[PDB]
**Q** 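Sending over a structure as structure tokens; questions will come in a sec.
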Amino acid sequence: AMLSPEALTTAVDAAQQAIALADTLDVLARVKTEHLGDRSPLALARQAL
RNA sequence: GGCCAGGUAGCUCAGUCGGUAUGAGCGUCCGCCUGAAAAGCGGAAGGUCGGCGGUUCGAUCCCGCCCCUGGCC
């Protein structure tokens, strides 16, 4: 199982950093697809059904 | 007032009684291509699955109410 407490924490850190680095709304839609969509690493944590 | 059967992407519609709707056709975007296009090929974006709540670590899928449609009255 690849869902250690140090795995989800680092994945969110890369997500919140890219979300905070989103300067315009068009970049936020790109970051949302890479960190909150159905293909994001956090989605893979939920893809592991 | 009765059990039901339906509301799902921009349009028209499939599909699951619990963790991915690997949704389809068309519509939108990018690349190859063209003077510029389209088709073709190769990549993608986009749904909070009818609303408000209830159970659950987790609900499009189960309880309740209602919003709106047919059905049969």
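Order of the sequence lines fixes the chain letters, A, B, ..., with proteins taken first and strands second; residue numbering starts at 1 for each chain.
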**Q** Rounded to whole Å, how long is the line connecting atom CG of A:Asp26 with atom P of B:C29?
**A**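 Atom CG in A:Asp26 sits about 15 Å away from atom P in B:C29.
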**Q** Considering just the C1'-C2'-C3'-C4' torsion, please state whether B:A36 has a north or south sugar.
**A**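 Taking the sign of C1'-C2'-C3'-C4' as the criterion, B:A36 has a north sugar, on the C3'-endo side.
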**Q** Could you measure between the two P atoms, the one in B:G47 and the one in B:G31, and give it in whole Å?
**A**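 It comes out at 23 Å once rounded to the nearest Å.
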**Q** Verify whether the stacking test passes for B:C63 and B:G64, with limits of 5.5 Å on the ring-centre separation and 30° on the angle between planes.
**A**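 By the ring-centre and plane-angle rule, B:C63 stacks on B:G64.
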**Q** Specify whether both conditions hold for B:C66 and B:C67: six-membered ring centres separated by under 5.5 Å, and ring planes at an angle under 30°.
**A**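 For these two strand neighbours, the answer is yes: their six-membered rings meet both cut-offs.
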**Q** If you compare every side-chain N and O of A:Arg39 against the phosphate oxygens of B:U20 (OP1, OP2), does one of them come in below 4.0 Å?
**A**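 Looking at the OP1 and OP2 atoms of B:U20, neither is under 4.0 Å from any side-chain N or O of A:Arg39.
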**Q** North or south sugar at B:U8, going by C1'-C2'-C3'-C4' (positive north, negative south)?
**A**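 Since its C1'-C2'-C3'-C4' torsion is positive, the sugar of B:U8 is on the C3'-endo, or north, side.
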**Q** Give the rounded distance in Å between these two atoms: CG of A:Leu3 and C1' of B:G58.
**A**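 After rounding, the reported distance stands at 13 Å.
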**Q** If I read the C1'-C2'-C3'-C4' torsion for B:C41, does it come out on the north side (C3'-endo) or the south side (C2'-endo)?
**A**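 The B:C41 sugar sits on the north side, the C3'-endo region.
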**Q** Would you confirm whether B:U22 and B:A14 are paired, taking Watson-Crick (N1-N3 with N6-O4 or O6-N4) or G-U wobble (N1-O2 and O6-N3) geometry and requiring each distance to be under 3.5 angstrom?
**A**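 Not paired: B:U22 with B:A14 fails the WC/G-U check at 3.5 Å.
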**Q** Tell me the interatomic distance from A:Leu42, atom CG, to B:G19, atom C1', rounded to whole angstroms.
**A**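 These atoms are roughly 14 Å apart.
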**Q** Specify whether both conditions hold for B:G15 and B:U16: six-membered ring centres separated by under 5.5 Å, and ring planes at an angle under 30°.
**A**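 Yes: the six-membered rings of B:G15 and B:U16 sit under 5.5 Å apart with planes under 30°.
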**Q** What is the distance from CD of A:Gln47 to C1' of B:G58, rounded to the nearest Å?
**A**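 Atom CD in A:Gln47 sits about 14 Å away from atom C1' in B:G58.
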**Q** Under the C1'-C2'-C3'-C4' criterion, what is the pucker of the sugar in B:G19: north or south?
**A**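 With a negative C1'-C2'-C3'-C4' torsion, B:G19 is south.
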**Q** B:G47 pairs with which nucleotide, Watson-Crick or G-U wobble, both distances below 3.5 Å?
**A**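 Looking at the geometry, B:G47 pairs with no nucleotide.
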**Q** Using the P atoms only, state how far B:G6 lies from B:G15, rounded to an integer number of Å.
**A**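 That atom pair is separated by 9 Å.
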**Q** Using the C1' atom on both, measure B:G71 against B:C26 and round to a whole Å.
**A**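 Between the two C1' atoms, the distance is 31 Å.
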**Q** Pick the P atom in B:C49 and in B:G7, then give their distance to the nearest Å.
**A**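 The same atom, P, in both gives a distance of 13 Å.
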**Q** Suppose we define a pair by two distances each less than 3.5 Å, Watson-Crick or G-U wobble; what does B:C17 pair with here?
**A**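 Pairing partner: none.
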**Q** Rounded to whole angstrom units, what separation is found between the CZ atom of A:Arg30 and the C1' atom of B:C29?
**A**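 My rounded result for the distance is 16 Å.
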**Q** Check A:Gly37 against A:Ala43 and note the closest heavy-atom contact, atom names and distance.
**A**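 Reported closest heavy-atom pair: O-CB, 3.2 Å.
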**Q** Can you check whether A:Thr33 has a side-chain N or O nearer than 4.0 Å to OP1 or OP2 of B:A44?
**A**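 Looking at the OP1 and OP2 atoms of B:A44, neither is under 4.0 Å from any side-chain N or O of A:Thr33.
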**Q** What integer number of Å spans the P atoms of B:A45 and B:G10?
**A**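 Per the computed distance, 15 Å lies between those P atoms.
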**Q** Please report, rounded to the nearest Å, how far the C1' atom of B:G46 is from the CD atom of A:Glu34.
**A**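 So the CD-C1' distance, A:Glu34 to B:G46, works out to 15 Å.
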**Q** Could you report the tightest heavy-atom contact between A:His35 and A:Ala15, atom names first, then the distance?
**A**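 Taking A:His35 first and A:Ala15 second, the nearest heavy atoms are CD2-CA, 3.4 Å.
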**Q** Could you please name the partner base of B:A37, counting Watson-Crick and G-U wobble pairs only when both distances are under 3.5 Å?
**A**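 Base-paired to nothing in any strand shown.
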**Q** Drop me the distance from A:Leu25's CG to A:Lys32's NZ, to the nearest 0.5 angstrom.
**A**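 Output value for this atom pair is 13.0 Å.
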**Q** Expressed as a whole number of Å, how far does the P atom of B:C30 sit from that of B:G58?
**A**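 Comparing P positions in B:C30 and B:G58 gives a spacing of 42 Å.
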**Q** Please round to the nearest 0.5 Å and tell me the distance separating atom CG of A:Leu8 and atom CE of A:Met2.
**A**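 Going from CG on A:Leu8 over to CE on A:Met2, the span is 8.0 Å.
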**Q** Tell me which nucleotide, if any, is Watson-Crick or G-U wobble paired with B:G25 when both distances must be under 3.5 Å.
**A**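 For B:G25, the partner nucleotide comes out as B:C11, under the 3.5 Å rule.
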**Q** Is A:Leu36 reachable from A:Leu28 through a run of hydrophobic residues whose side-chain heavy atoms are each under 4.5 Å from the next?
**A**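 Unlinked, A:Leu28 and A:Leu36 end up in two clusters.
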**Q** For nucleotides B:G50 and B:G27, find the distance between their P atoms and express it as a whole number of Å.
**A**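 Nearest-Å result for B:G50 against B:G27 at atom P: 26 Å.
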**Q** Rounded to the Å, how far apart are A:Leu36 CG and B:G46 P?
**A**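 So the two atoms are 11 Å apart, to the nearest Å.
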**Q** With rounding to the closest Å, how many angstrom separate the P atoms on B:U12 and B:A59?
**A**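 B:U12 and B:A59 have their P atoms separated by 30 Å.
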**Q** Hey, can you check B:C65 for me, is the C1'-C2'-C3'-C4' torsion putting it north or south?
**A**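 Since its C1'-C2'-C3'-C4' torsion is positive, the sugar of B:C65 is on the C3'-endo, or north, side.
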**Q** Mind checking if B:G46 and B:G47 stack, meaning centres of the six-membered rings less than 5.5 Å apart and planes less than 30° off?
**A**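 As far as the 5.5 Å and 30° test goes, B:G46 does not stack onto B:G47.
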